[PDB]
Amino acid sequence: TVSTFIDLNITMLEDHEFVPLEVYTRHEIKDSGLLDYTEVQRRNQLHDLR
Amino acid sequence: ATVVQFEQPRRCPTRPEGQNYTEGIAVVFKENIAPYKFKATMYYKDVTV
Ligand SMILES: *[C@@H]1O[C@H](CO)[C@@H](O[C@@H]2O[C@H](CO)[C@@H](O)[C@H](O)[C@H]2NC(C)=O)[C@H](O)[C@H]1NC(C)=O
Ligand SMILES: *[C@@H]1O[C@H](CO)[C@@H](O[C@@H]2O[C@H](CO)[C@@H](O)[C@H](O)[C@H]2NC(C)=O)[C@H](O)[C@H]1NC(C)=O
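Sequence order for the protein chains is A and A'. A prime marks a further copy of an entry chain.
When the letters of the first sequence are read in order and numbered with PDB author numbering, they come out as residues 666 to 715.
When the letters of the second sequence are read in order and numbered with PDB author numbering, they come out as residues 122 to 170.
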C-alpha cells in the first residue's frame, strides 16, 4: 500500500498541578528577630507568681 | 507572446533535533535567617531592703 495522505501529529498539552511553595514562612520571619518583644514580656512578668 | 509556468515544490523546514536533558537529584539551599539557638542556665540572687 502507498498513501496519498500527509501525516500530522498533535498531542494535547498534559495537565500540570502547581503545589504551594514558600521560600520563608511568616513564622520564620517572626523568628528572624533576635528578641520577640512579646515573648520576653510574657516570660518576665511571671517572676512574682513563679 | 505571454507564457507562464507553475512553481515547483519547496524545501520544508526540518523538525529541530530537540533538547537533551540530564537527569539528576538536587537539593536547594537558601540564606539562613534563623538565629543560632542554644540552652543555658542562669544563677542569681534577688536582694531587697
Ligand atoms: C506522535 O506524538 C509523539 C511526538 O510528538 C510521539 O509520542 C512519543 O514518542 C516518544 C519517542 O519519540 C515515546 O517515547 C513516547 O512514548 C511517545 N508518547 C509520548 C506521550 O511522549 C509519537 O511517536 C508520534 N507519532 C509517531 C508516529 O511518531
Ligand atoms: C542532543 O543530542 C542529539 C543526539 O542525536 C544531537 O543531535 C545532533 O543534531 C545536530 C543538528 O543540530 C547535529 O549537528 C549533530 O551531529 C547531532 N549529533 C548526534 C550525535 O547525533 C542534538 O543536537 C543534541 N542537542 C542539541 C541542542 O544540539
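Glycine included, C-beta positions come from ideal geometry on N, C-alpha and C.
Beta-carbon of residue i versus every beta-carbon of chain A': anything under 9 angstroms?
i                      : result
residue 699 of chain A : yes
residue 667 of chain A : no
residue 689 of chain A : yes
residue 694 of chain A : yes
Under three-state DSSP, which class holds residue i?
i                       : result
residue 704 of chain A  : helix
residue 709 of chain A  : helix
residue 154 of chain A' : coil
residue 691 of chain A  : helix
Of all the CB atoms in chain A, is at least one closer than 9 angstroms to the CB of residue i?
i                       : result
residue 130 of chain A' : no
Nearest CA to the CA of residue i: which residue from the options?
i                       : options                           : result
residue 155 of chain A' : A:671, A:690 and A:676            : A:690
residue 692 of chain A  : A:701, A:668 and A:681            : A:701
residue 153 of chain A' : A:688, A:675 and A:678            : A:688
residue 674 of chain A  : A':168, A':130, A':136 and A':151 : A':136
residue 157 of chain A' : A:696, A:710, A:704 and A:672     : A:696
Inset, instruction - Using a Cβ-Cβ cut-off of less than 8 angstroms, list which residues of the region 147 to 165 of chain A' approach chain A; keep chain order. - result: 151, 154, 155 and 156
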